[PDB]
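Here you get one chain, nothing else, as C-alpha cells; it is the form deposited in one PDB entry.
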C-alpha cells in the first residue's frame, strides 16, 4: 500500500511469467485493433450541444411535429457548359434525366430532387429565385433518407460518386452533407499524415536516444499496441454510448506520444540497471519499482485531469474523455506488462543490434539560482501579458470556415450563398406546446407573435411586421399535432443571440402554453452558457485533485501551491496565444486557416489537457529534487540534482510529443490545429521556460521552507537494510538452541555455543552469554546484540590481518558487510586466499571481481549464498537480500563466535 510493495511483487511476477504476459496482452491488443477498425462506421457527429437545454427540447418538439428539414441536406449548383443559359430546353432535359436516374438507382438513400429545373414554367418567386438572373446558374435541393444525421451522411456518401457526375461533372455540391463529409474526412488525412510523417520521425528521434535498433523499436511497438487496443476499447464503448468522430484522432494525437514516452522512460531505466551491474531479472523488478511506479502515477495524474470534463454535458467532451482515459491507462499498463516482459526475455540483447545493421548546463541553473529575480520577474510579467489576449475571445458553432479557405467544398457553399442569397438561414424559433393536449388557436398564435414583436433585432424583408414570425414549414415526416405550433424569425445581427434569446424567454406565454426558444443560435449559445456555467467547479475539482496528489508525491505544503501557480500561468499564457492566433488570426495566412470564433467545448478540453501536461512534467521533475533532499543534499543542490538527470528524458519526451502534435497542426480542421498548437506551445513552454528558468528561480525564494509539512509527512524510516538482516537470511535466526549441519548447539544468527554433546552445557554457555537464566531461549534483541559482538570480533580480526585490512578500508559500508559475510562463512584465512579477487575489489573493479569470485570452489559448494554476496560486490546495494529466493534449509555456525 502506498509503497513499492506491489510494484516489487509485479516487477518479479512479470519477469517470471514473461512469456505468458507478452502473449496474452499482444493477443488482446491485436485482437482489439482488429475489432477496432469498425469504429469508423459506429461514430457520431453529434454531441456539440447541451442535450438538457431548452433549445434542444425545442428542436425535438419542432422536428417531431413539423418534420426535420431536409431541404438543406444537399444543395447542388448546376451550370450549363458552353456559356449556355439554363432556359435551354435541350440542356434542361439531359440534366433532368440524369438526376431522375440517380434518384431511381438510390431510393434507400435519396428522397428526390427539388428545384426550378423541375418546373421552369413556374410563377413562384422563391422557385424562380433558384436561378440567377444571368441565367448561367441554377441550384436544386436533394433531400436524403435517414432518421439521424449520421445515417443521412452515410446515405449521402453512398450516392455522392454518381451524383458528382451529373452535368458533365460541372455540378457543385454544397449544404450540410457535402460539408460534413469533408469535415469528418479530415480524420483520415491526419491519420495518414501521422502514419507517414510522424512515425519515421519518431523512429529517428528514438534511434538518436538509444544507439540501438531493438532498444529504439520497443517504445514504438508499445505505442502501436496502445493505439490498436484503445480503438478496440472505444469500439466496445460505442456498443453502450455514442462515440464522437473526434475521439479517433485523440487516441493517436495524445495516446501515441504518451505511450511511446512511457516506453522510452522504462527501457532507458532498464539499461541503467543493467549498466549498474544488476542481472536481467533484478533489473526488470527495479525498473518496475521505480519507473513503472512513475508511469502508473503519471497515468493517474492524466486521468485525474481528464475526468472533470465529464461535468460537461457535451457528448463530444465525454467521448474524448473516455478516449484519453482508455489511451493513457492502456499505455501505462502496456509499459509495465508487454514491455517489461520483452526486456525480461531480451535482457542485454536490447543492445545487441546497433547502428551497423540497417545502415555545464548544470550551472546554468546556478546562474538563475544566484540570479533568481533576474529571470523570474521578467518572465513572470511576460507570461501575464500573454494572458491579455485571452480577454478577447469569441465563441461560435461549426461552419464551412472550419475548412481552409481554398477548400473546394467550402468555396462551393460560399458560391451558393453568393449566387443565391437569403436561402441560407439561421432563425430563432418559438416552439409552443399546449399542456392540455388541445389544438392551439389562431388567437394564441397572434398573441405570441405580438409579444415577439415586442423584442427588436429581427429581420423584416417584406417590410410588414404582420409577415414576421411566419410559421415553420411542414413535411410528410411531421405529426402535425395541433397542440404544437412553431413560429420563427431571423436576427439582423447574429452577435445579438444570447441577449435576444433571453428576451424571448422573458416573454409571457399565453393561456398555459409552454414556449421553447430554439434555433441554431440558441443551441450554440445554450451550449456556450452550459460550459462556462460549470467551468468553475470543473476548475476547482481539477486544481484540488492535482494539488492533493502533489501533497502525496512531494510531502510539501508549498510546492503543490507553487506548481498550481506554474500551471495556471502556462495555461493562461498558452490560451492567450491561441486566441491571438485563431481569433485575431495571426498566423492565418501562413498556416492557411480562417480567423474565427472558437468552440466552447475545445476550451474545456484544452484546459484539462494543458493542465495535466504541466502537472505531469513538474511532478516528475520536482519529485526527484525531493528525493535528493531526503538523501541529504542542499536546497540549491537538490535542485541541481533534479534538473540534470530528468533533463535528457524530459526533452526526449517533449520532443517526441512535439513531433506527433506537429503532424496535426497541418490538419484542415481548424479546431484540430487549435488543439495541436495548444500542445506544442504549453509543451515548449514547460520544456524550457518553466523547467529550466522559472522553477529553480522560483524555488530559491527560500532554502529549506519549501520542504515542510507537519508530522503528516512521509515516515520513510527506510528499514535501512543492515548487516543483521543480511546474515539473518544466510545463516538463519533462531531464538531457541538448535543443532546445525555439524550437529553443534547454535543459537541466534549462526552463533556457536559449544561443541559439547550436552544440551545443558550449551544452556550453561548461553546463560553466561546473555546474563540470565535463558533455559535455551533468547529474545530477538538478545540475538541481535549477540550477533553484533560477533561482527565486532570479525572486524577486529580483519583489521588485524594485513591481507584483509587494506581491502576492507577501501570498501563502502555495504561491500564491507559482504566481506564480513565471507569471513563469517569460511574464516579470515579462507577469505585471504582470494588474493586476486580482493585486489580487484580494492581497485573498485566490481565486474571483474564478481566474475573471478564465481570461478571459486566456494561458489560451487554454496552457489545461492555466494551469488548473493557477489552481487552485493557488483552493485554495492542490498538488492540481492531485499528480494531473495526462499529455502535456506541448512544452517551452519560461523567463525568469530564471541564469548564472555
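Residue numbers count along the first chain shown, from 1. Under this definition, the rigid core comprises the largest set of C-alpha atoms superposing within 1.5 Å between the forms.
Scan the PDB entry between residue 590 and residue 591 and report the missing deposited residues as one of none, 1 to 3, 4 to 9, 10 or more.
Missing residues, residue 590 to residue 591: none.
Could you check the entry and say whether 717 to 725 or 473 to 481 has the higher mean CA B-factor?
Result: 717 to 725.
Can you tell me whether 621 to 629 has a higher mean C-alpha B factor than 196 to 204 in this record, or the other way round?
Result: 621 to 629.
Given 130, 300, 766, 561, identify the residue with the highest C-alpha B factor in the PDB entry.
Comparing C-alpha B-factors across 130, 300, 766, 561, the maximum falls on 561.
From 460, 828, 809, 731, residue of greatest CA B-factor
Highest CA B-factor of the listed options: 460.
By the record's CA B-factor, is residue 294 among the lowest, middle or highest third of residues in the chain?
Answer is lowest: the recorded C-alpha B-factor places it there.
Ranked C-alpha temperature factor of residue 752 among modelled chain residues, by third
Residue 752: CA B-factor falls in the lowest third of its chain.
Going by the CA temperature factor in the PDB record, which third of the chain does residue 53 belong to: lowest, middle or highest?
Answer is middle: the recorded C-alpha B-factor places it there.
Chain-wide C-alpha B factor ranking for residue 214, given as lowest, middle or highest third
Highest third.
Mind checking which third residue 150 falls in for C-alpha B-factor across the chain?
Lowest third - that is where residue 150 ends up once the chain's C-alpha B-factors are sorted.
A second form of this protein, the form deposited in another entry, is not displayed here; the remarks below concern that form.
Can you spot, among 553, 515, 176, 440, the one with a CA shift of 2 Å or more between the shown form and the other one after core superposition?
It is 553.
Answer yes if the Cα of residue 702 shifts by 2 angstroms or more between the shown form and the other one on a rigid-core superposition, and no otherwise.
Residue 702 C-alpha, core-superposed: shift of 2 Å or more.
Did residue 378 shift 2 Å or more between the shown form and the other one, C-alpha, core superposed
Yes: residue 378 shifts by at least 2 Å between the shown form and the other one.
Look at residue 636 and decide if its Cα position differs by 2 Å or more between the shown form and the other one after superposing on the rigid core.
Yes, its C-alpha moves 2 Å or more.
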